[PDB]
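Quick reminder, even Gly has a Cβ in these numbers, built from the backbone with ideal geometry, and neighbours come from all protein chains shown. We did not get these values from a lab; they are worked out from the coordinates using the rules stated.
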Amino acid sequence: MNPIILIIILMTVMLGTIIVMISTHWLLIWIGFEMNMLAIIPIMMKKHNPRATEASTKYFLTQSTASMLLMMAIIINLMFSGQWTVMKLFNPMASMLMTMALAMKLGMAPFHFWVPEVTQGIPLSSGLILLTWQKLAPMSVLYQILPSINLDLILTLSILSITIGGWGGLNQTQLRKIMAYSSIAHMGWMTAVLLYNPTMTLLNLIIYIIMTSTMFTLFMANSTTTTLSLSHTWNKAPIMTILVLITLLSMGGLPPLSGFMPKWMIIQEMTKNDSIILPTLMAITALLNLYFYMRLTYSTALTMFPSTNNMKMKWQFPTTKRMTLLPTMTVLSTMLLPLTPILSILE
Amino acid sequence: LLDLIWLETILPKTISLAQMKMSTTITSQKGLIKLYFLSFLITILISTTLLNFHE
Amino acid sequence: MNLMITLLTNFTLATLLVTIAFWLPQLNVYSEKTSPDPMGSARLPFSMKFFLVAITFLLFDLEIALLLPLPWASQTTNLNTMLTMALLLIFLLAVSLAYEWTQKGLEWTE
Amino acid sequence: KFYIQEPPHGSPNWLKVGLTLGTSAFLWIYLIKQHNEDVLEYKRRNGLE
Amino acid sequence: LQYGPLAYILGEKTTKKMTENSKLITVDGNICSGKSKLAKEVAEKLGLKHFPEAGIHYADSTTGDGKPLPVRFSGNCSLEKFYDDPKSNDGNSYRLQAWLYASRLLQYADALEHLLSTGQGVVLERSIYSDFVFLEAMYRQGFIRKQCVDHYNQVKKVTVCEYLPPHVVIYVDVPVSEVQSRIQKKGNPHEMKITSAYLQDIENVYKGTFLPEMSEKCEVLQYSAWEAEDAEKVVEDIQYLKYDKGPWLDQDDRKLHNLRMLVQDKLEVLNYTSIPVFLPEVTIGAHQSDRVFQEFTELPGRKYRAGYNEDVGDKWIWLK
Amino acid sequence: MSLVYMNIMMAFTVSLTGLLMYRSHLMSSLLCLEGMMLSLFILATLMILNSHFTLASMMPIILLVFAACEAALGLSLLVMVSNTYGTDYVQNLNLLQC
Amino acid sequence: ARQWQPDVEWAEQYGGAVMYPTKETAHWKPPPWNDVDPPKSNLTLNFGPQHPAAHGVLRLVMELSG
Amino acid sequence: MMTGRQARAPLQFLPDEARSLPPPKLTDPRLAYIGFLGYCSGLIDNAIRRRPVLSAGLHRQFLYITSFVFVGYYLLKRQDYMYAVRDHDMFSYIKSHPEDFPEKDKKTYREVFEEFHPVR
Amino acid sequence: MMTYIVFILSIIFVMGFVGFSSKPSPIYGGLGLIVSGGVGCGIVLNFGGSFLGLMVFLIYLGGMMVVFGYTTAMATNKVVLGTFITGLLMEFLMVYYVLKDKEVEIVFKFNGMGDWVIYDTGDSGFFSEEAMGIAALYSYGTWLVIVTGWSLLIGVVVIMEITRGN
Ligand SMILES: CCCCCCCCCCCCCCCCCC(=O)OC[C@H](COP(=O)(O)OCCN)OC(=O)CCCCCCCCCCCCCCCCC
Ligand SMILES: Nc1ncnc2c1ncn2[C@@H]1O[C@H](COP(=O)(O)O)[C@@H](O)[C@H]1O
């Protein structure tokens, strides 16, 4: 791929997300999602192997079905309210179809059946973009339609996303599928607190983006795509094993690490609204995520697996990969819990 | 009997094997896209008829 | 209504002449024959280039679909904006053709 | 000499160190001026002199 | 990093220095096919830069002081112990073959890096396309197992697909007995222990596998033993080659830019040499791994990046 | 409400259930997607004309243009799949099971 | 004596496609390491003796490439 | 929650009434922990690239500390602003609604009969 | 019956979507989608949407479905007839319900009158209102034309990138 065309295509991805974020007309929302998908398809097909074409095809089919259901929800809104203002919706059928469309775009369960496959087929950079940047625009639309969202529907999608994101990563060795099931579980955690406090939704989104960007940046820097290949990292750079240790311990929700912060604030807001059973079941299900994170930490950092002889040749050559913002993203994803009342800047 | 088997069994091992088996039920899919879109349609049918989320 | 009558009459004449062509010389019995090509039996290989010129047609046809309300849009009272956006859409069709040009898309069906 | 091929980080990158220290000290003096302007604006808006 | 995508955006296209003389040449032959001086002669006639055969310590020659490190840090393998005990129990044989394949992979990455950054053709000696010629000979002579050949074919499948073939292969037809006489005139007590059937399997895998697939993806030149001595005949054969075969034709600026961004990241070149297929001839235990790594880290010039070593006298670290 | 809107929504949901139940072909999935687009086009036109809402007359053209570019993108993905496997059968697309 | 570290027997546990290889998850391999699955042609036309633009009686077996 | 408040003047990081608040002092322990995060970022940047951790990039660590303090100062200003606006809305709502807030008649513990539960 | 032409074309539209979306093969599915696009175009044309119906026939059918049949020509059962007649049974039973009751309820409630009654009784002078609204894409739709043209230019670039295979 031409770097000029790479610049223009990534700016078109960002422009599609911006058009979804800043527009006051439902057609322009749909246009921004079309621009976003249409631009991010070549970033998935960067290496031109059959798994990336398969992944881009599954991604296309799911996002196109979501875009058509979104436009049907918009059209029912034009039926029952005659207008186009991006605000609450004026029909629970349009609200239900738009909630379904945004849950498809986020890969929330039970529309989760594309996110591990599509994350597996594409490279680590496009997987980073898919799991961080493509989670921005539908959370913005859910932020703007939350007076019309059915509470039962969003909590059912949230519990199903948390349970499947828990039980999915417990039998995985690929890193990209682990990050994808972590994405499904974290989207459940985000959408559960949405009708209670969407500031905590923004908080969970930003902390998940920081942690996910840290782990994908470490995966790009160490060229690891499986657990077993990740386990060789101590014999080449043990600081990378320490950082994936502390970051995977952060992403499960261990205190004092700052991935405990979002889910603790989500329990802090959901128990205000007299829901005590529901964040309890959410917190009990998050221990599955923390369990396969413990599996990954034992496989990588706290032990030392046997290696092969050709590591001695790689001892002699430094990393030339420009690890952009990786110390910043490791410091922010772990050590932000003393700065927890910074969450009011998202109000 | 108690403190290598049964107290070691009732809380942690039964839960561990249960989570093992449920993780095998989740992640044993045949990869087929037809089945996933069929499950999506089943979801929209259950959310329209069974739980009545359109109300 | 008159359009529907005209469409039905033209379609009826077409189907009537096709009925006469498939049943009046099929009154013949002539003879039980068997009749037992550049490619013999092998599968037709896909041509990437014919598909690319079809997609280039589809995208320029969408750009035409944007350009079609121009004889109505010349009547507007915002003529500077209309002339700007009209020149910009024809310019975007030209830039799409230029990127199809320079990146070798118009080759061997130029 | 030690190295057979000259490293990129053997000689210091004086343009990079100059940009680093200059931008850093510019942010420090802009932050000090911003904080003094903010304490003066607070002590005027609530009137604490 | 002086080169990146920004250097590609700002105008530097690597075909703006790609002349007709910029040809990657790999000279091939058996253990005494006399190609040693022939590659240097062909390099010095056309003005091409000569890269010799990668021994054990090529990676030592690229990094640090250039002087060879000990074998326990580079290789953990002895060619001499392979010549003495080819059917050895400790697994020196495939471990040596895998280290030599990684060394030739590194040398081939350096060769393409020089060819793409300078525009000067490079004369090589037994590139990675001619490294399995010794693997299959060791397998036919029973020196390693089937699983070692499987591991090598995995590493070849995930390494050689990332690279273009050479331009000119200069292979030298020498009989086995002349090679044996050159080994006996050499007088090396290790090199004389090489058997006859091993050399015959080397020649078999050469003439039946290497040239029948390098005859299409690149250009072969196949000389005898006594006509590979006049260098000017070989250079005249090189200068009059109709460059029409091979995938060096469909290489514009973007594809060679991808290749150049590949071959400067040496941890991406050597990414899948250490695939975790735990094979006992190369699998190092964790205690010995940590011990060799913490003895290697104490070596001078090796604890930090190559401009950050006080023990060898890198100044100005407090501003870097 | 209006009777024809039932038919257009039911055509949208029939094309949905066609898309949401694959048989063999990926081209049939794209055809079901564009049947969904077709029903959306018709339904938008009937609403915008019945409202006499003049400014949204340009909206169905925008729907048609953006989703035809979407369809061209999907046809190119299908073409690359059928270049890899020889057919556009969906059972070839299951290498991401593991 | 010293701190124990895992062996090959422990290392190959985490290295399948899944973590718990059961009856259902048994036939699953790891992918190729660079995520490149192996690719798993050119037309052959036979322009027979049916054609006037060939001057009379000619059969042409082409091998087109598009 | 407070999204109807900062929408009449949208996309203002710090509005015009944010200057009426006191700014955070430059010895703020919140800002000091942010500067410690800058120091840790400099140490991890010298560690992941195999530089000497404490000895290389004192200009680089100094810019990491400068950058985090410079961002975190305005982040703390916005934090103080949003909690101030939270309390201003709360106090204006309690003042403008006396009927929603009864002043509780505070019974002293002589009138309050709590049950005693004996630990015997 | 003649007051019901939009409704009868809509019944043919639903029947045609059941016809192709039961998916015999992409060739006949393309055929059924073309015939369905024609009758849905007739639905549009009977409300005075002349430009949008001609945008169906020109753009949708004459370009995009031509490209679909073009790709179907190059790239490339009991279940079909059974699900076909199942959808036809469901549709004709819903039609019999809404014709006996002048009312139906599946998701929404729907009136059973002739769908001419939902119109307006005015006029528009010397212009089609829908034509002038489409003409306002240039005077008013500046941002809309900018994002549509940029998405089409990116569409050309994206197709050329993902079909190059390098
Ligand atoms: C309220 C909502 C509003 C919005 C809130 C904020 C949202 C921020 C979301 C950020 C999303 C970033 C997406 C990821 C980066 C995109 C570009 C990219 O792909 O970078 C990787 C790039 C790939 O280079 P390439 O040569 O193509 O590699 C192929 C294989 N070698 O290069 C590399 O591989 C180099 C290695 C390092 C790459 C690091 C990239 C980090 C990007 C994220 C930074 C942290 C996020 C911002 C901080 C928090 C803000 C709230
Ligand atoms: N499997 C192998 N067996 C013997 N020698 C090998 C093998 N692989 C590489 N070589 C090298 O090939 C050299 C022969 O090339 P030369 O002596 O330069 O003609 C030997 O000296 C070895 O260093």
Relative exposure of F:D88, E:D250, judged by other C-beta atoms within 10 Å (fewest first): E:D250, F:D88
Residues with amide H under 5 Å from that of E:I170, placed H, sequence gap 5 or more: E:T26, E:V27, E:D28, E:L221
Projected label distance in nm at C:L44 and E:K315, using a 7 Å step from Cα toward the beta-carbon: 7.6 nm
Links that overshoot a 20 Å alpha carbon limit, given the list C:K104/E:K13; B:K30/I:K23; E:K266/G:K29: B:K30/I:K23; E:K266/G:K29
Cα long-axis angle, helix H:29-48 against chain H (0 to 90 degrees, to the nearest 10): 40 degrees
Under the Karplus curve 6.51 cos²θ - 1.76 cosθ + 1.60, θ = phi - 60°, whole-Hz ³J(HN,Hα) for region A:149-163, x wherever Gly or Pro sits: 6, 5, 5, 4, 5, 6, 6, 5, 4, 6, 6, 6, 5, 6, 6
Residue-averaged beta-carbon neighbours from other chains (10 angstrom radius) around I:38-50: 4
Three-way shape label, region H:1-97, alpha-carbon gyration tensor, a/c 1.5: prolate
Distance between modelled label sites at H:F91 and G:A1, nm, 7 Å Cα→Cβ extension: 7.3 nm
222 nm mean residue ellipticity, helices alone, for chain C (DSSP H n ≥ 4; -39,500 (n - 2.57); rounded to 500): -21500 deg cm²/dmol
³J(HN,Hα), Karplus 6.51/-1.76/1.60, whole Hz, each residue of region C:89-102, x for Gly, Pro: 6, 5, 5, 6, 5, 5, 6, 5, 5, 5, 6, 5, 4, 6
Of E:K45/E:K185; E:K81/E:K207; D:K1/E:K303; E:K185/E:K233; A:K314/E:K315, pairs whose Cα-Cα distance is over 20 Å: E:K45/E:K185; E:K81/E:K207; E:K185/E:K233; A:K314/E:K315
Among C:76-86, B:45-55, the order from most to least packed when residues are scored by Cβ within 10 Å on average: C:76-86, B:45-55
Degrees between helix H:58-95 axis and first principal axis of chain H (Cα, 0 to 90, nearest 10): 20 degrees
Cα gyration tensor, region A:272-345 - rounded (a/c under 1.5), prolate or oblate: oblate
Under 5 Å, built H, 5+ apart or other chain: amide partners of E:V122: E:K23, E:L24, E:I25
Anchor E:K242: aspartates and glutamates whose Cα lies under 15 Å away (excluding residues fewer than 8 positions away in-chain): E:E20, E:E216, E:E219
Label point distance in nm, H:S20-D:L48, each placed 7 Å from Cα along Cα→Cβ: 1.5 nm
For region E:178-273, size of Cβ-based charge dipole, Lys and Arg +1, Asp and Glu -1, in debye: 420 debye
Calculated FRET value between F:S51 and I:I146, using beta carbons and R₀ = 22 Å, to 0.05: 0.25
Shielding of E:95-103 by partner chains, average beta-carbon count, 10 Å: 2
Positive-end residue of E:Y83, A:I149, E:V235, charge dipole of the protein assembly as shown with Cβ unit charges: E:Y83
DSSP-defined beta bridges in the protein assembly as shown - what % are antiparallel, rounded to 5: 40 percent
Cβ-Cβ FRET estimate between H:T3 and I:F92, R0 fixed at 51 Å, reported to 0.05: 0.50
Gaussian network model of chain F, Cα within-10 Å springs - most flexible of F:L26, F:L16, F:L49: F:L49
Trypsin sites (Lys or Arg not before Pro) restricted to region A:216-289 and DSSP loop, no more than 10 other C-beta within 10 Å: A:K272
Rounded to whole Hz, the Karplus (6.51, -1.76, 1.60) HN-Hα couplings of region E:159-168, x for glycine and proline: 10, 6, 5, 7, 9, 7, x, x, 9, 10
Which of I:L137, D:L40 has the fewest Cβ neighbours within 10 Å, and the rest in rising order: D:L40, I:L137
Shape category assigned to the protein assembly as shown from the gyration tensor of Cα positions, a/c cut at 1.5: oblate
Total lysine pairs under 28 Å (Cα atoms) in chain H, excluding pairs fewer than 8 apart on one chain: 5
Residues A:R322, E:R126, sorted so that the one with the fewest Cβ neighbours within 10 Å comes first: A:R322, E:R126
Rounded to the nearest 20 debye, dipole of the protein assembly as shown from Cβ charges on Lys, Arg, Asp, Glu: 2160 debye
Inter-chain shielding of E:9-21 (mean C-beta neighbours from other protein chains, 10 Å cut-off): 0
Under 5 Å, built H, 5+ apart or other chain: amide partners of F:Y89: none
